[PDB]
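Okay, so here's just one chain, in structure tokens, the form deposited in one PDB entry.
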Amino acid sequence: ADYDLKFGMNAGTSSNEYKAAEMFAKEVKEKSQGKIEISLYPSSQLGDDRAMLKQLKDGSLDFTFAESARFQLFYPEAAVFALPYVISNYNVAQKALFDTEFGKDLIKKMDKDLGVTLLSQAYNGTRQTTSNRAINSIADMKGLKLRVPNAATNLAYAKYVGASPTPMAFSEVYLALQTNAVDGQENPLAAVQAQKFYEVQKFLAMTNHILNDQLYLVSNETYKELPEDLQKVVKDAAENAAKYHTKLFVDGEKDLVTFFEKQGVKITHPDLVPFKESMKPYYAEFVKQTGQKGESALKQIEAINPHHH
């Protein structure tokens, strides 16, 4: 094609992310009259999301996904998006990104500093905790070998609840669980399904601890080369795909505990009061480390009412 473009992702071929990216690719191909074709590179073929962001920056990858929280790698205050229990729901995550001074400035920096244009934002689920033994209360976390991604906020989740974290890439998790090299992991329900972690985890606990969004990102090196009518095709398709993406996650969060129970997983509902209590020292550390910019981002986000209006 005129524009042979590539979209990399950690998510696999059985995921909502992939299905939404397929929708995006199809609409772009159609509405561009075949000028643009977007090929997909799932399951961390191209590296992880840190690597794929670097490839968007240098122009060697055209599209990828990232959470708003992942920009904590560059702007420490952006960890606010994944401080456990801070962002209440997706309504808050949307307004945090688009309708705060903090979020608007973040978007501008992503463009200026990181070489990426934000096309759209979707919901990517609320993280829960699976394990090889029941989590009936916070006590059960103590010393649980809890896999986390290579992200400071998830490592802190594990530390502050009393678990023993083991960081590793998404691709490595299934084997780690299967072999009981670790005792558990944490991810939204849809990823537990997509990755078939339910095959290798007997328990799932509704810890509700981190709220993931998902940004459709394009390399500025690519976006600038598309004539404006094709930029519009891409942007509009990313917006349409993000709405679909969100819906996939919303619908699964109603349908998936019963799916897992039919697969033999035991579901628990530990009291979250002490989980939330355990994060208070972590918030204080975040404020100490990130200074006024972190205190301001918190304040801006804590001011957002979570009820749709």
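Take the two forms, superpose them, and find the largest set of C-alpha atoms that agree within 1.5 Å; that set is the rigid core. Start at 1 with the first residue shown and count on from there.
query = Between 136 to 144 and 86 to 94, which has the larger average Cα B-factor in the PDB entry?
reply = So the stretch with the higher mean C-alpha B-factor is 136 to 144.
inquiry  = Quick check: 109 to 117 versus 225 to 233, which has the larger average CA B-factor in the record?
reply    = Between 109 to 117 and 225 to 233, it is 109 to 117 that shows the higher mean C-alpha B-factor.
query = Going by the deposited entry, which of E67, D62, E261, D49 has the highest CA temperature factor?
reply = Of the candidates given, the C-alpha B-factor peaks at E261.
key: Modelled-residue ranking by C-alpha temperature factor, third containing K57   = Ranked within chain, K57 CA B lands in the highest tercile.
task = Could you tell me which third, lowest, middle or highest, the C-alpha B-factor of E186 occupies within its chain?
result = Lowest third of the chain for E186's C-alpha B-factor.
request  = Taking the chain's C-alpha temperature factors as the reference, tell me which third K196 falls into: lowest, middle or highest.
outcome  = Its C-alpha B-factor belongs to the middle third of this chain's values.
message = When the deposited Cα B-factors of this chain's modelled residues are ordered and cut into thirds, is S278 in the lowest, the middle or the highest one?
response = Within its chain, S278 is a highest-third residue by C-alpha B-factor, going by the deposited values.
message = Where does the C-alpha B-factor of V250 rank in its chain, lowest, middle or highest third?
response = Its C-alpha B-factor, which the entry lists for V250, ranks in the lowest third among residues of this chain.
The same protein has a further form, the form deposited in another entry, not shown here; the description that follows concerns it.
Listed options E30, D58, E277, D255; Cα moving by 2 angstroms or more between this form and the one not shown (core superposition) = None of the others reach 2 Å, which leaves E277.
message = Rigid core aligned, does the Cα position of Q231 differ by 2 Å or more between this form and the one not shown?
response = No; that C-alpha moves by less than 2 Å between this form and the one not shown.
inquiry  = With a threshold of 2 Å on the C-alpha, tell me if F170 counts as moved between this form and the one not shown once the core is superposed.
reply    = Shift at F170: 2 Å or more after core fit.
inquiry  = Tell me whether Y157 is among the residues that move between this form and the one not shown (Cα shift of 2 angstroms or more, core superposed).
reply    = Superposed on the core, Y157 moves its C-alpha 2 Å or more between this form and the one not shown.
In the other form, whether the C-alpha atoms of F7 and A176 sit closer or farther than here (change of 3 Å or more) = Farther apart in the other form, by 3 Å or more.
ask   = Given a CA distance change of at least 3 Å, are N89 and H269 closer or farther in the other form?
value = Closer together, which means the C-alphas of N89 and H269 are at least 3 Å nearer in the other form.
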